[PDB]
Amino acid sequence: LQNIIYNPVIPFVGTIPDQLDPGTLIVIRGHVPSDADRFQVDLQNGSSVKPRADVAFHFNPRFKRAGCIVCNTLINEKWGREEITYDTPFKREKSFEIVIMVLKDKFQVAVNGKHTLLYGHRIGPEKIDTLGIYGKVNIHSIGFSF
């Protein structure tokens, strides 16, 4: 892996070091703290806060009750239609590895070595230049393969 970021402070907002062409991997290794209610990994168009930057792909594990992963897109400061995956691998106090693979038509995401979900593109992935990680999460490394 390339352009590896170690132990970033959260919230993390960083420029992705190359375009997200088909076959690109984003690999994120981390841990969920015991007090976590949710965290998110956002692939964004820029880093503006006011107005809020468009989020092509919001990947949002939530830990209340049996948990879930909520995926969505933010356009013009407005959330679209949620795609919720209830078969969630994440747990409070457990370590994880997320692999986001960018394909022509969709994102393909594996967690802890097992296929987890697909998310069809809503914003062209060529519009993505920024990776954001927010919420209650401990990140050990972020790595890229272009």
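Start at 1 with the first residue shown and count on from there.
> Got a sec? Mean C-alpha B-factor, which is higher, 89-97 or 113-121?
Replying inline: Result: 89-97.
> Looking only at CA atoms, which has the higher mean B factor in the entry: 101-109 or 78-86?
Replying inline: Comparing averages over the C-alpha atoms only gives 78-86.
> Whose CA atom has the top B-factor in the entry, of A66, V41, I69, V27?
Replying inline: The record points to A66.
> Going by what the PDB entry lists, where does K50 fall on CA B-factor within its chain: lowest, middle or highest third?
Replying inline: As the PDB entry reports it, the C-alpha B-factor of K50 lands in the highest third of its chain.
>> Which third, lowest, middle or highest, does the C-alpha temperature factor of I133 belong to within its own chain?
In response: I133: CA B-factor falls in the lowest third of its chain.
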